>>> print(open('entry.cif').read())   # mmCIF, N, CA and C atoms; chains and numbers go by the auth columns
data_protein
#
loop_
_atom_site.group_PDB
_atom_site.id
_atom_site.type_symbol
_atom_site.label_atom_id
_atom_site.label_comp_id
_atom_site.label_asym_id
_atom_site.label_seq_id
_atom_site.Cartn_x
_atom_site.Cartn_y
_atom_site.Cartn_z
_atom_site.B_iso_or_equiv
_atom_site.auth_seq_id
_atom_site.auth_asym_id
ATOM 1 N N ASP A 1 -7.900 -15.308 -4.518 0.00 1 A
ATOM 2 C CA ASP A 1 -7.340 -14.468 -3.417 0.00 1 A
ATOM 3 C C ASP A 1 -7.747 -15.039 -2.057 0.00 1 A
ATOM 4 N N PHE A 2 -8.986 -15.420 -1.909 0.00 2 A
ATOM 5 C CA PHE A 2 -9.441 -15.985 -0.606 0.00 2 A
ATOM 6 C C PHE A 2 -8.448 -17.040 -0.111 0.00 2 A
ATOM 7 N N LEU A 3 -8.049 -17.941 -0.964 0.00 3 A
ATOM 8 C CA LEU A 3 -7.080 -18.990 -0.536 0.00 3 A
ATOM 9 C C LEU A 3 -5.837 -18.331 0.061 0.00 3 A
ATOM 10 N N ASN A 4 -5.516 -17.147 -0.381 0.00 4 A
ATOM 11 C CA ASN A 4 -4.319 -16.448 0.162 0.00 4 A
ATOM 12 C C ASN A 4 -4.509 -16.177 1.656 0.00 4 A
ATOM 13 N N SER A 5 -5.713 -15.874 2.063 0.00 5 A
ATOM 14 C CA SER A 5 -5.958 -15.606 3.508 0.00 5 A
ATOM 15 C C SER A 5 -5.782 -16.895 4.313 0.00 5 A
ATOM 16 N N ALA A 6 -6.479 -17.937 3.947 0.00 6 A
ATOM 17 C CA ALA A 6 -6.331 -19.216 4.694 0.00 6 A
ATOM 18 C C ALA A 6 -4.852 -19.595 4.761 0.00 6 A
ATOM 19 N N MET A 7 -4.073 -19.116 3.829 0.00 7 A
ATOM 20 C CA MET A 7 -2.618 -19.435 3.830 0.00 7 A
ATOM 21 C C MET A 7 -1.886 -18.555 4.846 0.00 7 A
ATOM 22 N N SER A 8 -2.171 -17.281 4.858 0.00 8 A
ATOM 23 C CA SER A 8 -1.490 -16.378 5.828 0.00 8 A
ATOM 24 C C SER A 8 -1.734 -16.873 7.256 0.00 8 A
ATOM 25 N N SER A 9 -2.892 -17.416 7.512 0.00 9 A
ATOM 26 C CA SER A 9 -3.192 -17.924 8.880 0.00 9 A
ATOM 27 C C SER A 9 -2.347 -19.165 9.174 0.00 9 A
ATOM 28 N N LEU A 10 -1.781 -19.759 8.161 0.00 10 A
ATOM 29 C CA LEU A 10 -0.950 -20.973 8.378 0.00 10 A
ATOM 30 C C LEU A 10 0.540 -20.622 8.315 0.00 10 A
ATOM 31 N N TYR A 11 0.951 -19.902 7.305 0.00 11 A
ATOM 32 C CA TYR A 11 2.391 -19.537 7.188 0.00 11 A
ATOM 33 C C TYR A 11 2.708 -18.308 8.042 0.00 11 A
ATOM 34 N N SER A 12 1.824 -17.353 8.070 0.00 12 A
ATOM 35 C CA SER A 12 2.073 -16.129 8.881 0.00 12 A
ATOM 36 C C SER A 12 1.695 -16.375 10.344 0.00 12 A
ATOM 37 N N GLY A 13 1.487 -17.609 10.715 0.00 13 A
ATOM 38 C CA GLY A 13 1.113 -17.910 12.122 0.00 13 A
ATOM 39 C C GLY A 13 2.302 -18.536 12.855 0.00 13 A
ATOM 40 N N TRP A 14 3.012 -19.425 12.212 0.00 14 A
ATOM 41 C CA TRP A 14 4.176 -20.069 12.884 0.00 14 A
ATOM 42 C C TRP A 14 5.421 -19.188 12.771 0.00 14 A
ATOM 43 N N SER A 15 5.649 -18.604 11.629 0.00 15 A
ATOM 44 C CA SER A 15 6.850 -17.740 11.470 0.00 15 A
ATOM 45 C C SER A 15 6.581 -16.342 12.028 0.00 15 A
ATOM 46 N N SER A 16 5.362 -15.878 11.947 0.00 16 A
ATOM 47 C CA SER A 16 5.057 -14.513 12.468 0.00 16 A
ATOM 48 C C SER A 16 6.036 -13.509 11.861 0.00 16 A
ATOM 49 N N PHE A 17 6.633 -13.860 10.757 0.00 17 A
ATOM 50 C CA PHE A 17 7.606 -12.949 10.102 0.00 17 A
ATOM 51 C C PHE A 17 7.344 -12.896 8.597 0.00 17 A
ATOM 52 N N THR A 18 7.079 -14.027 7.999 0.00 18 A
ATOM 53 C CA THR A 18 6.812 -14.058 6.532 0.00 18 A
ATOM 54 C C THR A 18 5.941 -12.866 6.124 0.00 18 A
ATOM 55 N N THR A 19 5.139 -12.364 7.025 0.00 19 A
ATOM 56 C CA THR A 19 4.274 -11.201 6.680 0.00 19 A
ATOM 57 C C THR A 19 5.119 -10.100 6.038 0.00 19 A
ATOM 58 N N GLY A 20 6.334 -9.944 6.482 0.00 20 A
ATOM 59 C CA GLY A 20 7.213 -8.896 5.897 0.00 20 A
ATOM 60 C C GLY A 20 7.241 -9.055 4.378 0.00 20 A
ATOM 61 N N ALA A 21 7.376 -10.262 3.902 0.00 21 A
ATOM 62 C CA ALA A 21 7.406 -10.486 2.429 0.00 21 A
ATOM 63 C C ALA A 21 5.980 -10.562 1.876 0.00 21 A
ATOM 64 N N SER A 22 5.072 -11.121 2.629 0.00 22 A
ATOM 65 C CA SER A 22 3.664 -11.227 2.147 0.00 22 A
ATOM 66 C C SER A 22 2.971 -9.863 2.225 0.00 22 A
ATOM 67 N N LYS A 23 3.493 -8.967 3.015 0.00 23 A
ATOM 68 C CA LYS A 23 2.864 -7.623 3.135 0.00 23 A
ATOM 69 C C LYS A 23 3.915 -6.524 2.956 0.00 23 A
#
>>> encode(input="entry.cif", output="structure tokens")
Amino acid sequence: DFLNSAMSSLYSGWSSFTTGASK
């Protein structure tokens, strides 16, 4: 799961939208 966080900071940082699907 931890790796999931380091990923959100990379994918959920440039798109600032993927969070909708990730969350």
>>> resolve_selection(input="entry.cif", expression="the PyMOL selection byres (((chain A and resi 22 and name CA) around 12) and name CA)", output="list in words")
residues 4, 5, 7, 8, 9, 11, 12, 15, 16, 17, 18, 19, 20, 21 and 23 of chain A
>>> axis_aligned_box(input="entry.cif", around="range 11-21 of chain A", padding_each_side="4 Å", output="lines of an AutoDock Vina configuration file")
center_x = 4.3
center_y = -14.5
center_z = 7.4
size_x = 14.7
size_y = 19.2
size_z = 19.0
>>> select_by_dssp(input="entry.cif", residues="chain A", states="helix (DSSP H, G or I)", output="list in words")
residues 2, 3, 4, 5, 6, 7, 8, 9, 10, 11, 12, 13, 14, 19, 20, 21 and 22 of chain A
>>> write_last_selection(input="entry.cif", atoms="N, CA and C atoms", output="PDB file, in the coordinates of the input")
ATOM      1  N   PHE A   2      -8.986 -15.420  -1.909  1.00  0.00           N
ATOM      2  CA  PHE A   2      -9.441 -15.985  -0.606  1.00  0.00           C
ATOM      3  C   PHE A   2      -8.448 -17.040  -0.111  1.00  0.00           C
ATOM      4  N   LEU A   3      -8.049 -17.941  -0.964  1.00  0.00           N
ATOM      5  CA  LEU A   3      -7.080 -18.990  -0.536  1.00  0.00           C
ATOM      6  C   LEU A   3      -5.837 -18.331   0.061  1.00  0.00           C
ATOM      7  N   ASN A   4      -5.516 -17.147  -0.381  1.00  0.00           N
ATOM      8  CA  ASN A   4      -4.319 -16.448   0.162  1.00  0.00           C
ATOM      9  C   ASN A   4      -4.509 -16.177   1.656  1.00  0.00           C
ATOM     10  N   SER A   5      -5.713 -15.874   2.063  1.00  0.00           N
ATOM     11  CA  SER A   5      -5.958 -15.606   3.508  1.00  0.00           C
ATOM     12  C   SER A   5      -5.782 -16.895   4.313  1.00  0.00           C
ATOM     13  N   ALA A   6      -6.479 -17.937   3.947  1.00  0.00           N
ATOM     14  CA  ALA A   6      -6.331 -19.216   4.694  1.00  0.00           C
ATOM     15  C   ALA A   6      -4.852 -19.595   4.761  1.00  0.00           C
ATOM     16  N   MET A   7      -4.073 -19.116   3.829  1.00  0.00           N
ATOM     17  CA  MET A   7      -2.618 -19.435   3.830  1.00  0.00           C
ATOM     18  C   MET A   7      -1.886 -18.555   4.846  1.00  0.00           C
ATOM     19  N   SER A   8      -2.171 -17.281   4.858  1.00  0.00           N
ATOM     20  CA  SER A   8      -1.490 -16.378   5.828  1.00  0.00           C
ATOM     21  C   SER A   8      -1.734 -16.873   7.256  1.00  0.00           C
ATOM     22  N   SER A   9      -2.892 -17.416   7.512  1.00  0.00           N
ATOM     23  CA  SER A   9      -3.192 -17.924   8.880  1.00  0.00           C
ATOM     24  C   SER A   9      -2.347 -19.165   9.174  1.00  0.00           C
ATOM     25  N   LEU A  10      -1.781 -19.759   8.161  1.00  0.00           N
ATOM     26  CA  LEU A  10      -0.950 -20.973   8.378  1.00  0.00           C
ATOM     27  C   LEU A  10       0.540 -20.622   8.315  1.00  0.00           C
ATOM     28  N   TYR A  11       0.951 -19.902   7.305  1.00  0.00           N
ATOM     29  CA  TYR A  11       2.391 -19.537   7.188  1.00  0.00           C
ATOM     30  C   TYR A  11       2.708 -18.308   8.042  1.00  0.00           C
ATOM     31  N   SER A  12       1.824 -17.353   8.070  1.00  0.00           N
ATOM     32  CA  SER A  12       2.073 -16.129   8.881  1.00  0.00           C
ATOM     33  C   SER A  12       1.695 -16.375  10.344  1.00  0.00           C
ATOM     34  N   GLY A  13       1.487 -17.609  10.715  1.00  0.00           N
ATOM     35  CA  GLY A  13       1.113 -17.910  12.122  1.00  0.00           C
ATOM     36  C   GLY A  13       2.302 -18.536  12.855  1.00  0.00           C
ATOM     37  N   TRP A  14       3.012 -19.425  12.212  1.00  0.00           N
ATOM     38  CA  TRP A  14       4.176 -20.069  12.884  1.00  0.00           C
ATOM     39  C   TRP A  14       5.421 -19.188  12.771  1.00  0.00           C
ATOM     40  N   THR A  19       5.139 -12.364   7.025  1.00  0.00           N
ATOM     41  CA  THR A  19       4.274 -11.201   6.680  1.00  0.00           C
ATOM     42  C   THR A  19       5.119 -10.100   6.038  1.00  0.00           C
ATOM     43  N   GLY A  20       6.334  -9.944   6.482  1.00  0.00           N
ATOM     44  CA  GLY A  20       7.213  -8.896   5.897  1.00  0.00           C
ATOM     45  C   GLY A  20       7.241  -9.055   4.378  1.00  0.00           C
ATOM     46  N   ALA A  21       7.376 -10.262   3.902  1.00  0.00           N
ATOM     47  CA  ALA A  21       7.406 -10.486   2.429  1.00  0.00           C
ATOM     48  C   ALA A  21       5.980 -10.562   1.876  1.00  0.00           C
ATOM     49  N   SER A  22       5.072 -11.121   2.629  1.00  0.00           N
ATOM     50  CA  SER A  22       3.664 -11.227   2.147  1.00  0.00           C
ATOM     51  C   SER A  22       2.971  -9.863   2.225  1.00  0.00           C
TER      52      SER A  22
END
>>> atom_distance(input="entry.cif", atom1="CA of residue 1 in chain A", atom2="CA of residue 13 in chain A")
18.0 Å
